[PDB]
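A single chain comes next, written as structure tokens; it is the form deposited in one PDB entry.
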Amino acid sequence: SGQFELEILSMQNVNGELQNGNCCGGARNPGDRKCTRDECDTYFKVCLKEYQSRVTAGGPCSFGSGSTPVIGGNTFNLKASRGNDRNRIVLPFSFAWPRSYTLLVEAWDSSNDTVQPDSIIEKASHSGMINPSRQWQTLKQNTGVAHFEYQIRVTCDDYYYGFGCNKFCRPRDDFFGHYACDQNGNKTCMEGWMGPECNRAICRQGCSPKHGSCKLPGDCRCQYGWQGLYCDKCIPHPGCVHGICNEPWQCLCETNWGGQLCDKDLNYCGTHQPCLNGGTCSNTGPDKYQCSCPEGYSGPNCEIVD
């Protein structure tokens, strides 16, 4: 999600005094009060926590804490230097960044090779607001005897967006989405795709909303029983001749066509003209008729003469 980073820029402790007024090491040469015996072994402690309207010097470091190894003597300047792992403190976070925070930074002196313990040189504290940016914010602690400069920032981890580094967005072209990310981490769909995660293919222009569907953009796949470019037309019953459908597998007959498959001619007389030698045809049912034969003509079609 994100990272709160702090970089030490410079320290200035001309004499080599701690918070308690004493020197780093031993004796202070009388009169001029110069500390000469030894230089401080300066390291930095950092504590990051929830915003406090009224700052406390003690409390749990909610968002994180860390310390630098000894990075210098009494005085150092790293303001034109690059800044490495020894002079910087990284504090990662997975929660959404609240913007408001409380930061404690302290310069300390190492005393592990002696009988006395590690002691505080100076202590810095502030509460503020900071948004995710690559741009460093410089802070000076100069109120006391010892002064130090540090800079802080909050950056979003890869694929994280917004003011809290919480909005994840990584681009795709698979069964879960077809999209690119924009500057705000919003999903902009590829050509042919739609929907919140860009997983709906846009069909053929005019494709049936009720009988057509897509898997890939452009196409129009027909529901079973529908057909045509737009899946607009039903498929009639197989074996249906001289028949239409409204719904699939129907076979609703055309005029003068009867039966299950509209194979039977209800107007055989008109279609074939069967009676010969001046006979009169009359339809007597499906593929049936009868002939009224003139005198001297006999048979089903008046074909028997004399």
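When you see a residue number, it is the position in the sequence shown, counting from 1.
- Taking the PDB entry as given, 52 to 60 carries the higher mean Cα B factor of the two stretches 52 to 60 and 251 to 259.
- Higher mean CA B-factor, judged across 168 to 176 and 215 to 223 from the recorded values: 215 to 223.
- For the set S133, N87, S94, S110, the PDB entry puts the maximum C-alpha B factor at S110.
- You'll see in the entry that, of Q151, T102, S81, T143, the Cα B factor peaks at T143.
- In this PDB entry, the Cα temperature factor of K210 sits in the middle third of its chain's modelled residues.
- Ranked within its chain, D158 lands in the middle third, by CA B factor from the PDB record.
- Per-chain ranking of the deposited C-alpha B factor places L139 in the lowest third.
- Per the PDB record, residue ranking by Cα B-factor puts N15 in the highest third of the chain.
- Placement of the Cα temperature factor of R204 within the chain: highest third of the modelled residues, per the deposited record.
This next part talks about the form deposited in another entry, which is not shown.
- A summary of the domain motion between this form and the one not shown places the hinge between the two rigid parts at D265, out of the options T284, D232, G278, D265.
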